[PDB]
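Chemist: Structure in structure tokens, see below.
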Amino acid sequence: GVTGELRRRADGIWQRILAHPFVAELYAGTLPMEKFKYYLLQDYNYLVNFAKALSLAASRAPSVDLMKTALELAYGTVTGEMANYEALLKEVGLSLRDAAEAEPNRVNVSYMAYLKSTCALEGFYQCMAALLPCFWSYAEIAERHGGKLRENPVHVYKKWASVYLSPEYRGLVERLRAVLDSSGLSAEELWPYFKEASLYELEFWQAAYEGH
Amino acid sequence: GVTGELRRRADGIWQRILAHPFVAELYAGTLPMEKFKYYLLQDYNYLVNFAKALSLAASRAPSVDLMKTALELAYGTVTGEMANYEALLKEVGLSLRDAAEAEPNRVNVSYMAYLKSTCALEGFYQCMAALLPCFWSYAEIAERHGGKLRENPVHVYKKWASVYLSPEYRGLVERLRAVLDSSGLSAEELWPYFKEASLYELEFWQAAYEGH
Amino acid sequence: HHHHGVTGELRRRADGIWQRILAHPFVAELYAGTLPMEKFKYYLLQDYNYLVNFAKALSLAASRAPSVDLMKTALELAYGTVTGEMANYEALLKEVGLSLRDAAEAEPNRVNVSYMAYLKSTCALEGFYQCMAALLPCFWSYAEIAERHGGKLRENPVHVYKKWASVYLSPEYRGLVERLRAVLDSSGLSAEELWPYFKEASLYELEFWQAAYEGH
Amino acid sequence: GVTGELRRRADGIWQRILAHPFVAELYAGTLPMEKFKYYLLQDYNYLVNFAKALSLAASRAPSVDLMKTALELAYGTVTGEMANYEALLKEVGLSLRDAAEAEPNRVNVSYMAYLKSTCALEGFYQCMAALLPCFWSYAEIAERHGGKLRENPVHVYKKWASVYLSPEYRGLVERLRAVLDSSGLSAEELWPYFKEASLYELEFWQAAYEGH
Numbered sequence: 492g493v494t495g496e497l498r499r500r501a502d503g504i505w506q507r508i509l510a511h512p513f514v515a516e517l518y519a520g521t522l523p524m525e526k527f528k529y530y531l532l533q534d535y536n537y538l539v540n541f542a543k544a545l546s547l548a549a550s551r552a553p554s555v556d557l558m559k560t561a562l563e564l565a566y567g568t569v570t571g572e573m574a575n576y577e578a579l580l581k582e583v584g585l586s587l588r589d590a591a592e593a594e595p596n597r598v599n600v601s602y603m604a605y606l607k608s609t610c611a612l613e614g615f616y617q618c619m620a621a622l623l624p625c626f627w628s629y630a631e632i633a634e635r636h637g638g639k640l641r642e643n644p645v646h647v648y649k650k651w652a653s654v655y656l657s658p659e660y661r662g663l664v665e666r667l668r669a670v671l672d673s674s675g676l677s678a679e680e681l682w683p684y685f686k687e688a689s690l691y692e693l694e695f696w697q698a699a700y701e702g703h
Numbered sequence: 492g493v494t495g496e497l498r499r500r501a502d503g504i505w506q507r508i509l510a511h512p513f514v515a516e517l518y519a520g521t522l523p524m525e526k527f528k529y530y531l532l533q534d535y536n537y538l539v540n541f542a543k544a545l546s547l548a549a550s551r552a553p554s555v556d557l558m559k560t561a562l563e564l565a566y567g568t569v570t571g572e573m574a575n576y577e578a579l580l581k582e583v584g585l586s587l588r589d590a591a592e593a594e595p596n597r598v599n600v601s602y603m604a605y606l607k608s609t610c611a612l613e614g615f616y617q618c619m620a621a622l623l624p625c626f627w628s629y630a631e632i633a634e635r636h637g638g639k640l641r642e643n644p645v646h647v648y649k650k651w652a653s654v655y656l657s658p659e660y661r662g663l664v665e666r667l668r669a670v671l672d673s674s675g676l677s678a679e680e681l682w683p684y685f686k687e688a689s690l691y692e693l694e695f696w697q698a699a700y701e702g703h
Numbered sequence: 160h161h162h163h164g165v166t167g168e169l170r171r172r173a174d175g176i177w178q179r180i181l182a183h184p185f186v187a188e189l190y191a192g193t194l195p196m197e198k199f200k201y202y203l204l205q206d207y208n209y210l211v212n213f214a215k216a217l218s219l220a221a222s223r224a225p226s227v228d229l230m231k232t233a234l235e236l237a238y239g240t241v242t243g244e245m246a247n248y249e250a251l252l253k254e255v256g257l258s259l260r261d262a263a264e265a266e267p268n269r270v271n272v273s274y275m276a277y278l279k280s281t282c283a284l285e286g287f288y289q290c291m292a293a294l295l296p297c298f299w300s301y302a303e304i305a306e307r308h309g310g311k312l313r314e315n316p317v318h319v320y321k322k323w324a325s326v327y328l329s330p331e332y333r334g335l336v337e338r339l340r341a342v343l344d345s346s347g348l349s350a351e352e353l354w355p356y357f358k359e360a361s362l363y364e365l366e367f368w369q370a371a372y373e374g375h
Numbered sequence: 492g493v494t495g496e497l498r499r500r501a502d503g504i505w506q507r508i509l510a511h512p513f514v515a516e517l518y519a520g521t522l523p524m525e526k527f528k529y530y531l532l533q534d535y536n537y538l539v540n541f542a543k544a545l546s547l548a549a550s551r552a553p554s555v556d557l558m559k560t561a562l563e564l565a566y567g568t569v570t571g572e573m574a575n576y577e578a579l580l581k582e583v584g585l586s587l588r589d590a591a592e593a594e595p596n597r598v599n600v601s602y603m604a605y606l607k608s609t610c611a612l613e614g615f616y617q618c619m620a621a622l623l624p625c626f627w628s629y630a631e632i633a634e635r636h637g638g639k640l641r642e643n644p645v646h647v648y649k650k651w652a653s654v655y656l657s658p659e660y661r662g663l664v665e666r667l668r669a670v671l672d673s674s675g676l677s678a679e680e681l682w683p684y685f686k687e688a689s690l691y692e693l694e695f696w697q698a699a700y701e702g703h
């Protein structure tokens, strides 16, 4: 399971993600609302460009199926996940306009740039390995801090996490992993793109915690 | 009404499409099944690259909304048209394997090449005007020869046409026109792409009629 | 520097198409000096669009070469196409009484547009060695056309037709084809995997000639 | 024209570049050689990927003459520059092999990601706006600190700086400014690319000065 190896080598960085202040405070309920709003504003850009990345990926899939895979997921992002992002802005008192006018921070610009760049120039499975840390990490975060939600008194925060605990989102991650494993490529010639995304995620959280 | 102008200038071509032997025979019921099978083989792979084309388009839309459209106009081709076709193959006695192994003819390769090329290097709205004749022309064909379906004794043929008579497909063609009509650009600065696509549409039908 | 392997297989499988190219009247008549000047003039006008888009194709190829040396190679071919080859192209036009402006304004025919579309599409979305398989027929076929009809130039009375053909006979041009052969031959990709790209371009080459011979 | 506006709006970030210690110390001859050596190692990745960016730009130039400019620049980066870079590495006891094996830092990867992404998906004049800060800033860095080279005792440091002082290098900048100024596009709608690049340049100097 090549995907498993990618995860093992990444552990060092991932373990620092899973134990990150922002994530811990969010699930517990201690995260200040201003940190959570700032993070929500930054997520618009994350989300749009991630849709683009998946489109680029889908545009050059070896098979039809693998295209459908990336295209439905690309579609899921600007309608499915999007509507959920809007309901979370409203709860907090923000809008799509605010988010659209929200200025992306450094890690945001760089990470999105990295994904798009990668999905426009590299091999499909290689662009998939770059997109894996996003879906998977959020899953495992929910798996580790999912228990703290019971005591969490902020409704918005509990509604945010719920997605990642859902068997529809987990089921999503199960398929993406299954794809990279079924390709027929060595894990060492796939890590560079998995690693960089992992480190970026770890840099993403930190920027929302600092608020810069 | 820019889209309307594009259609007017194109009339010379389109009129030759709408009155094409392949199309007329199909709706009437006179089309030989071997011509229809050949045409079905060339199409499932035409629709695959059409999906890719729309993904490429989606990947670089000026706004988020326009990304949604192109991506829904994309995924919508995957659900609506592609699913119909996978059923059409079974009824006729062919498979997706046969189709996947089916060798694309000259017009097919060129027309697909033209769309992908266009959607990878040109402006969004300009790629959209290249993609319009595909959706629209099939609608207007159904509008002209829709009536002959009643007397058509070939079930597979009636099932093929049905999609293009549907208000879900008509609605799909409206969005594109709205995109192009609300864009800002002129018909003159949008026609060369609309003309090229329309010209390939006539040539693709003819390639279908002859078997090469 | 040199070849042996996959590129030869592609040539063998493409022999059917390629033999139809090598024996094509346009080419036969050009080297012989029989070709009507109007047809040559048409061909030169259609060359602008071919040349320019081929440069784009090479630029997309360069943008995703597996190595830096392979990038350098792709990049140097692109630059050349718009510098040295343009130089020769503009020079051919002047001799025939045409200008670059004429070429720029010339309306590319269907084969031209479709073929450039295929090369650009292929090079913007496929792998590097697969983009090279699409770009090889162009370089190599011209070399083999020259090798075949080269002897006829001795009796060819049309200077411009000889000047044009000279490039493809030169040791520099033949050497270039061999470097591209080397690049693909060292790729380690199979022929069966690479064929579709070599094929389609080979077919466009046959049609690009025929389109020039017909006048559209 | 428009390029001058971009420069004025970017003056805040650009003045922080122009006064940056690394640069100050380099032209002065104060810069520790280890820092210079680090910077040279990081340049390989800068140089290679900037060539890719210029190739992507070329692939979609609105005119043929603009295509020639991108290509010659791209070819220049990989022919003339490279020769000079290798010659600069040899004087410092380093080799191209060393550079190739050097691990690009975060700013480096993120910056090259941004240019490649921008150049593989955005408009041509927008790509040029992303690539302009690189050329122009080095010209203005040299214009600022050029006087200090007279007393600078480190040969390699002077050899490096000479390029940016040369009339050929300035003429190139003027041509690139020309290309933009005459594009008919707005400074306001061309700034978000010229801005981010300017910020990455500032982050590139500072990373080299810190060695990490």
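Residue numbers (the numbering used here), protein chains in the order written: chain E, 492 to 703; chain G, 492 to 703; chain L, 160 to 375; chain Z, 492 to 703. Virtual Cβ for every residue (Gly too), placed ideally from N, Cα, C.
Between the alpha carbons of residue 271(L) and residue 209(L), how many angstroms are there, rounded?
Modeler: Along the third sequence, one-based indexing puts residue 271(L) at 112. Along the third sequence, one-based indexing puts residue 209(L) at 50. Cα-Cα distance, rounded: 7 Å.
Chemist: When DSSP labels each residue in this structure, what does residue 223(L) get in the three-state scheme?
Modeler: Translated into the one-based positions of the third sequence, residue 223(L) becomes position 64. Coil, per DSSP.
Chemist: Which term fits residue 144(L), buried or exposed, when burial requires 16 or more other beta carbons within 10 angstroms of its beta carbon?
Modeler: For residue 144(L) there is no data in the structure shown, the boundaries of chain L being 160 and 375.
Chemist: Are at least three pairs of beta-carbons, each pair with one atom in the region 605-613 of chain Z and one in the region 543-560 of chain Z, less than 8 Å apart?
Modeler: Touching, yes, given that three or more Cβ pairs across the two stretches are closer than 8 Å.
Chemist: With distance defined between alpha-carbon atoms, name the residue in 703(G), 693(G) and 698(G) nearest to residue 507(G).
Modeler: As a working mapping, residue 507(G) is identified with position 16 in the second sequence. Here the closest residue by C-alpha is 693(G).
Chemist: Determine the direct distance from the alpha carbon of residue 577(G) to that of residue 640(G), and round the result to whole angstroms.
Modeler: As a position in the second sequence, residue 640(G) is number 149, starting the count at 1. As a position in the second sequence, residue 577(G) is number 86, starting the count at 1. Taking the straight line from one Cα to the other gives about 21 Å.
Chemist: Would you mind sorting residue 669(G) into buried or exposed? The rule is 16 or more other CB atoms within 10 Å of its CB.
Modeler: Counting from one through the second sequence, the residue named residue 669(G) turns up at place 178. That one is exposed.
Chemist: Check whether the region 347-366 of chain L touches the region 163-182 of chain L, taking contact to mean three or more Cβ pairs, one atom from each stretch, closer than 8 Å.
Modeler: In short, these stretches touch, since the Cβ pair count reaches three.
Chemist: For residue 523(G), name the three-state secondary structure that DSSP assigns.
Modeler: What you label residue 523(G) is simply residue 32 of the second sequence in a count that begins at 1. Coil.
Chemist: Any contact of the region 553-564 of chain G with the region 522-532 of chain G, i.e. 3+ C-beta pairs under 8 Å?
Modeler: As far as the Cβ criterion goes, the region 553-564 of chain G does not touch the region 522-532 of chain G, which means the pair count is below three.
Chemist: I'd like to confirm something about residue 203(L): is its beta-carbon nearer than 7 Å to some heavy atom of the ligand NAD, or not?
Modeler: Of ligands this structure carries none, so the ligand NAD is not represented either.
Chemist: In the DSSP assignment, find the alpha helix (DSSP H) that holds residue 166(L) and state where it starts and stops.
Modeler: In the third sequence, the residue the question calls residue 166(L) occupies position 7. Unbroken alpha helix (DSSP H) run through residue 166(L): 165-172.
Chemist: Quick one, which residues of the region 548-580 of chain G are near chain Z if we go by CB-CB under 9 Å, in chain order?
Modeler: Here the close residues are 550 and 551.
Chemist: Under 8 Å, do residue 676(Z) and residue 616(Z) count as touching if we go by C-beta distance?
Modeler: In the fourth sequence, residue 676(Z) corresponds to position 185, counting from 1. In the fourth sequence, residue 616(Z) corresponds to position 125, counting from 1. Their beta carbons are under 8 Å apart, which means residue 676(Z) touches residue 616(Z) by this criterion.
Chemist: Using Cβ-Cβ distances below 7 Å, what residues of the region 589-618 of chain E are close to chain Z?
Modeler: From the region 589-618 of chain E, only 600, 601, 604, 605, 607, 608, 611 and 612 have a Cβ closer than 7 Å to chain Z.
Chemist: Does the beta-carbon of residue 225(L) have 16 or more other beta-carbons within 10 angstroms, so that it is buried, or is it exposed?
Modeler: Counting from one through the third sequence, the residue named residue 225(L) turns up at place 66. Per the 10 Å Cβ criterion, exposed.
Chemist: Nearest to residue 571(E) by alpha carbon, out of 503(E), 660(E) and 586(E)?
Modeler: Residue 571(E) sits at position 80 when you count from the first residue of the first sequence. For residue 571(E), the nearest C-alpha among the options comes from 660(E).
Chemist: Please check if any C-beta of chain E sits within less than 8 Å of the C-beta of residue 670(G).
Modeler: In the second sequence, the residue the question calls residue 670(G) occupies position 179. No - not a single Cβ of chain E is within 8 Å of the one on residue 670(G).
Chemist: Note down, in chain order, every chain E residue with its Cβ under 7 Å from the Cβ of residue 542(G).
Modeler: As a working mapping, residue 542(G) is identified with position 51 in the second sequence. Going along chain E in sequence order, the residues near residue 542(G) (Cβ under 7 Å) are 558 and 562.
Chemist: Excluding the 5 residues preceding and the 5 following residue 375(L) in the sequence, name in chain order all residues of the same chain whose CB lies nearer than 7 Å to its CB.
Modeler: The sequence position of residue 375(L) within the third sequence is 216, counting from 1. Within the same chain, residue 375(L) has close Cβ partners 268.
Chemist: Considering only the alpha carbon of each residue, which of 666(E), 619(E), 643(E) and 626(E) lies closest to residue 684(E)?
Modeler: Residue numbering aside, residue 684(E) sits at position 193 when the first sequence is read from its first letter. It is 619(E) whose Cα lies nearest to the Cα of residue 684(E).
Chemist: Kindly list the residues whose CB is nearer than 7 Å to the CB of residue 483(E), restricted to its own chain and excluding five residues on each side of it in sequence; keep chain order.
Modeler: Any property of residue 483(E) remains undetermined from this structure, which presents chain E solely from 492 to 703.
Chemist: Going by alpha carbons, who is nearest to residue 454(G) out of 686(G), 585(G) and 648(G)?
Modeler: Since the first and last residues shown for chain G are 492 and 703, residue 454(G) lies out of range.
Chemist: Indicate whether the contact test is met: 3 or more Cβ pairs, each with one atom in the region 581-593 of chain G and one in the region 253-266 of chain L, closer than 8 Å.
Modeler: Touching, no.
Chemist: Among residues of its own chain, excluding the 5 on either side of residue 611(G), which ones have a beta-carbon nearer than 7 Å to its beta-carbon?
Modeler: Reading the second sequence from its first residue, position 120 is the one you call residue 611(G). Excluding sequence neighbours, residue 611(G) sits near 547.
Chemist: From 555(Z), 517(Z) and 566(Z), pick the residue whose C-alpha is nearest to that of residue 227(L); which is it?
Modeler: On the third sequence, position 68 is the one that residue 227(L) refers to. Ranking the options by Cα distance to residue 227(L), first place goes to 566(Z).
Chemist: Taking buried to mean at least 16 other C-beta atoms within 10 Å of its own C-beta, is residue 285(L) buried or exposed?
Modeler: For this step, residue 285(L) is matched to residue 126 along the third sequence. By the 10 Å Cβ count, residue 285(L) comes out buried.
Chemist: Compare the C-beta of residue 258(L) with all C-beta atoms of chain Z and state if any pair is closer than 8 Å.
Modeler: Locating residue 258(L) in the third sequence gives position 99, counting from the first residue. By this cut-off, residue 258(L) is not an interface position.
Chemist: Among 163(L), 327(L) and 169(L), which has the Cα closest to the Cα of residue 350(L)?
Modeler: By one-based count along the third sequence, residue 350(L) stands at place 191. Comparing Cα positions, the closest option is 169(L).
Chemist: Starting from residue 674(E), find everything on chain G with Cβ-Cβ shorter than 9 Å and list it in chain order.
Modeler: For the purposes of this step, residue 674(E) is taken as the residue at position 183 of the first sequence. Per Cβ cutoff of 9 Å: no residues; residue 674(E) is ~18 Å from chain G at best.
Chemist: Restricting to Cα atoms, I'd like to know which of 221(L), 194(L), 360(L) and 171(L) is closest to residue 317(L).
Modeler: As a first step, residue 317(L) must be located in the third sequence, where it is residue number 158. Among 221(L), 194(L), 360(L) and 171(L), the Cα nearest to that of residue 317(L) is on 194(L).
Chemist: Rounded to a whole number of angstroms, what is the C-alpha to C-alpha distance between residue 222(L) and residue 520(G)?
Modeler: Your numbering for residue 222(L) matches position 63 in the third sequence. Your numbering for residue 520(G) matches position 29 in the second sequence. Approximately 50 Å, taken between the alpha carbons.
Chemist: Kindly say whether residue 359(L), judged by its beta-carbon, lies nearer than 8 Å to any beta-carbon of chain G.
Modeler: As a first step, residue 359(L) must be located in the third sequence, where it is residue number 200. Output row for residue 359(L): interface = yes.
Chemist: Taking only beta-carbon atoms, is residue 546(Z) less than 8 Å away from chain L?
Modeler: Residue 546(Z) sits at position 55 when you count from the first residue of the fourth sequence. Closer than 8 Å to some Cβ of chain L, the Cβ of residue 546(Z) qualifies, so yes.
Chemist: Within the continuous alpha helix (DSSP H) that includes residue 322(L), where are the two ends?
Modeler: Mapped onto the third sequence, residue 322(L) falls at position 163. That run of the alpha helix (DSSP H) goes 318-328.
Chemist: My assumption, with CB atoms under 8 Å, is that residue 667(G) sits in contact with residue 633(G). Please give the rounded CB distance.
Modeler: Counting from one through the second sequence, the residue named residue 667(G) turns up at place 176. Counting from one through the second sequence, the residue named residue 633(G) turns up at place 142. At roughly 16 Å, the Cβ-Cβ gap does not stay under 8 Å, so residue 667(G) and residue 633(G) are not in contact.
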